[PDB]
Amino acid sequence: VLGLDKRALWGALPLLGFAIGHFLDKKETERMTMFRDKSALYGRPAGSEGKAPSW
Amino acid sequence: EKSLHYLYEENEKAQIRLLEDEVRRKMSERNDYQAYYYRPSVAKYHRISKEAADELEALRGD
C-alpha cells in the first residue's frame, strides 16, 4: 500500500487551500444568478418563485 | 446561465467603457468640464493685489 510518514501531516495546507478555493467558487456561483431560470433556453413558466432553483 | 450572466456583465462594461472614452474625447476636444482636461487659471492673486492697492490709497497721507 501507500507509505505516508509524519511529514504527510504538512499536506493539510493544500487541502485547506482547496477548501478555500471551493468556497470562493461556491460564493461566485451564488452571486452569478440573475439569469438563473430566466434564460430563453432553460426557461420556466409563471410561478418560478414558488419552485426551487435549478442550481 | 453563469456564462450568460458573465457575458451580459462584460458586454455592459464594454458599452460603458466605449461611452466614457467618447465622453472623455469630447471633454478633451473642448476643455469644457471642470474634472478632466481643464487647467484652472485663478485670478485670486490679481484680486488680492488690487485690494491691497486700493487699501494703500487710504494709507497715502501725512
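- Per the deposited record, cryo-EM is how this structure was determined, to a resolution of 3.3 Å.

Remarks on the overall build of chain B
Thinking step 1. Within chain B one finds two helices and zero strands.
Thinking step 2. C-alpha extents for chain B along the principal axes are approximately 90 × 25 × 10 Å.
Thinking step 3. When the accessible area of chain B is evaluated, it comes to approximately 6,200 Å², of which 51% is carbon and sulfur surface.
Thinking step 4. Across chain B, 12 positive and 14 negative side-chain charges occur, with their mean positions spaced 4 Å apart.

Re the pattern of salt bridges
If charged atoms from side chains of opposite charge come close, those side chains can pair.
All names here are of chain B.
Thinking step 1. Counting across every chain of the model gives five salt bridges over all chains.
Thinking step 2. Two residues, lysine 26 and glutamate 29, come together in a salt bridge whose shortest N-O distance is 3.2 Å. Taken together, the residues span about one helical turn, with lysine 26 and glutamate 29 both in helix α1 (residues 2-30) at a distance of three residues.

Things to note about α1(B)
Thinking step 1. Taking 1.5 Å of rise per residue, 29 residues should cover 42 Å, and α1(B) covers 42 Å from first to last C-alpha, within 8% of that figure.
Thinking step 2. Phi for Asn31(B), located one or two positions after α1(B), is positive at around 55°.

Some details on the environment of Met27(B)
Thinking step 1. With respect to the helices and strands, the residue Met27(B) is situated in helix α1.
Thinking step 2. If near-sequence neighbours (up to four positions away) are discounted, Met27(B) is found in contact with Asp32(B), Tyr33(B), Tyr36(B) and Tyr37(B).

So, the interface of chain B and chain A
Thinking step 1. Taken together, the contact between chain B and chain A spans seven residues of the former and 11 residues of the latter.
Thinking step 2. Surface buried jointly by chain B and chain A totals about 830 Å² across both partners, of which 67% is contributed by carbon and sulfur atoms.
Thinking step 3. Of all residues in chain B, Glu1(B), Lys2(B) and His5(B) bury the most surface against chain A, accounting for 72% of the area lost on that side.
Thinking step 4. If you look at where chain B meets chain A, you find zero salt bridges.
Thinking step 5. Counting across the chain B and chain A interface gives two residue pairs in polar contact.
Thinking step 6. Taken together, the residues of the side of chain B that touches chain A sort by class into three nonpolar, one polar and three charged.

About the thresholds
- Within each chain the numbering goes from 1 in written sequence order, not necessarily matching the entry, and residues lacking coordinates are not shown.
- Key to labels: chains lettered from A, ligands numbered from 1, both in the order written.
- All values in this description refer to the chains shown, which are themselves only part of a larger assembly.
- With hydrogens and water stripped out, all remaining heavy atoms of the structure feed into the side-chain values.
- Helix and strand labels come from DSSP, where a helix needs a run of H or I of at least four residues and a strand needs a run of E of at least two; each type is numbered from the N terminus.
- Accessibility throughout is a Shrake-Rupley quantity obtained with a 1.4 Å probe, and a residue counts as covered only by protein chains that appear here.
- Just so you know, the count uses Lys and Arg for positive and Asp and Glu for negative, and it drops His and the chain ends.
- By convention, the point assigned to a charge is CZ for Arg, NZ for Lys, CD for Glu and CG for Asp.
- When a carboxyl oxygen of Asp or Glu lies within 4 Å of a side-chain nitrogen of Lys or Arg, that pair is called a salt bridge.
- Expected span of a helix, by definition, is 1.5 Å for each gap between consecutive residues, and there is one gap fewer than residues.
- Contact criterion: two residues are considered in contact whenever any of their non-hydrogen atoms come within 4.5 Å of each other.
- Two parts placed together each lose some accessible area; with a 1.4 Å probe, that loss summed over both constitutes the buried area.
- Any pair of N or O atoms that falls within 3.5 Å is considered a polar contact. Within protein, one atom must be able to donate a hydrogen and the other to accept it, and sequence-neighbouring residues count only if both atoms are side-chain atoms.
- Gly is placed with the polar residues, together with every amino acid not listed as nonpolar (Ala, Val, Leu, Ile, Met, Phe, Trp, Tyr, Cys and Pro) or charged (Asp, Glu, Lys and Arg).

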